[PDB]
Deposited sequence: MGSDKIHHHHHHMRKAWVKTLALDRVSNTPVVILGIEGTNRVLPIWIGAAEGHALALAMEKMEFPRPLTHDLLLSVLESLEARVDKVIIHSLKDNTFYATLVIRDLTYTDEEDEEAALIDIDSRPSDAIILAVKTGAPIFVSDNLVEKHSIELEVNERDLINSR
């Protein structure tokens, strides 16, 4: 199935210089990096900072729509890598298995997860094929 992940860290990559996401894979010393666009980075940094703004940003709007339709984000699954691209599923639950799988970028799914506090899962297959494991010196190198 799928193992639970959280957001370890959101860096700017020290060469290519775009945002990157390190998903920690709960229960393990493994992390999965996903390279996202610049705007999605700034949106995420704001969600991570749990940042109060006097105007609803694009994911606030989305969650309003969910709210308004008595439904709520449930969980968020990053499930495939096809040719340098990461496919995620945003699973809505309809407050009125009443679940809906909606296709999503990982960056979006991961933002909404942060804002709601709803869990993030990563496909087993991803973890095996595409995650990496850190020693002592490896992890320290990024703090």
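The deposited sequence has C-alpha coordinates everywhere except the stretches 1 to 11, 108 to 115, 163 to 164.
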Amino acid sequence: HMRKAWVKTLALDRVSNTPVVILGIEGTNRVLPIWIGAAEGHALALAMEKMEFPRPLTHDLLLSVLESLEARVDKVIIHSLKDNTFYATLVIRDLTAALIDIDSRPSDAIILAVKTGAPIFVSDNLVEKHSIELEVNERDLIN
From here on, numbers count along this sequence of modelled residues.
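Note on 4 to 12 vs 133 to 141: mean CA B-factor is higher in 133 to 141. Ranked by Cα temperature factor within the chain, residue 113 sits in the lowest third according to the deposited record. Among the modelled residues of the chain, residue 37 sits in the highest third by CA temperature factor in this PDB entry.
Compared with the other modelled residues of the chain, the Cα B-factor recorded for residue 52 ranks in the highest third. Per the deposited record, the Cα B-factor of residue 83 falls in the highest third when ranked against the other modelled residues of its chain.
For residue 92, the recorded CA B-factor ranks within the highest third of the chain. Only modelled residues enter the ranking.
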